[PDB]
There are 2 protein chains.
Amino acid sequence: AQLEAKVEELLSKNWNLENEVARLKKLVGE
Amino acid sequence: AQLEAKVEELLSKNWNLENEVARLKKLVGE
Ligand code: NA
Ligand code: NA
Ligand code: NA
Ligand code: NA
């Protein structure tokens with residue numbers, strides 16, 4: 001179902017955001 | 001169902017992350 005795809009998009013989006021925040025933390029030494 | 005709560009937690013988490021990234025962008029003038 002297309003509902004599964006939207007849940008997968010949310011999961012992917014949260015991973016991308018978490019990984020961005022992680023990279024920023026490593027940049028500013030945190 | 002508890003499934004609804006977990007989907008709500010994901011949505012909330014993505015909003016919190018998006019808002020953090022937005023605040024960081026405003027800080028560094030972007
Ligand atoms: Na990903
Ligand atoms: Na992650
Ligand atoms: Na929120
Ligand atoms: Na938002």
# chains A, B, ... in the order shown; residues from 1 in each chain; ligands from 1
>>> residues_near_ligand(ligand="ligand 1", cutoff="10 Å", atoms="only C-alpha atoms and all ligand atoms", output="MDAnalysis selection string")
chainID A and resid 8:9 11:19
>>> write_last_selection(atoms="N, CA, C and O atoms", output="compact mmCIF listing (two decimals), in the first residue's frame")
# COMPACT_ATOMS: atom_id res chain seq x y z
N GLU A 8 7.78 4.90 5.05
CA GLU A 8 9.18 4.78 4.66
C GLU A 8 9.80 6.13 4.35
O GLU A 8 10.95 6.35 4.71
N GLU A 9 9.07 7.02 3.69
CA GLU A 9 9.61 8.36 3.44
C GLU A 9 9.85 9.12 4.74
O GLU A 9 10.84 9.84 4.86
N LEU A 11 10.52 7.76 7.70
CA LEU A 11 11.69 7.17 8.35
C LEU A 11 12.98 7.66 7.71
O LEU A 11 13.91 8.01 8.42
N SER A 12 13.01 7.69 6.38
CA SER A 12 14.18 8.13 5.63
C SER A 12 14.50 9.58 5.92
O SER A 12 15.66 9.95 6.07
N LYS A 13 13.46 10.41 5.97
CA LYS A 13 13.61 11.82 6.25
C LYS A 13 14.21 12.00 7.64
O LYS A 13 15.15 12.77 7.83
N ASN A 14 13.71 11.28 8.64
CA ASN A 14 14.28 11.40 9.98
C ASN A 14 15.72 10.91 10.07
O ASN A 14 16.52 11.46 10.83
N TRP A 15 16.06 9.87 9.31
CA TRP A 15 17.45 9.43 9.27
C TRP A 15 18.33 10.50 8.64
O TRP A 15 19.40 10.80 9.15
N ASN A 16 17.88 11.09 7.54
CA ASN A 16 18.66 12.14 6.88
C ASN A 16 18.89 13.32 7.80
O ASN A 16 19.99 13.86 7.85
N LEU A 17 17.86 13.71 8.54
CA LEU A 17 17.96 14.83 9.47
C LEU A 17 18.88 14.49 10.64
O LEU A 17 19.73 15.31 11.01
N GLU A 18 18.72 13.31 11.23
CA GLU A 18 19.57 12.89 12.33
C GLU A 18 21.03 12.86 11.88
O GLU A 18 21.93 13.25 12.62
N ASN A 19 21.27 12.40 10.65
CA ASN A 19 22.64 12.30 10.17
C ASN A 19 23.22 13.66 9.87
O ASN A 19 24.42 13.86 9.99
>>> atom_distance(atom1="atom CA of residue A:27", atom2="atom 1 (Na, counted along the ligand's line) of ligand 3")
25.9 Å
>>> closest_residue(among="A:7, A:1, A:22, A:28", to="chain B", atoms="only C-alpha atoms")
A:7
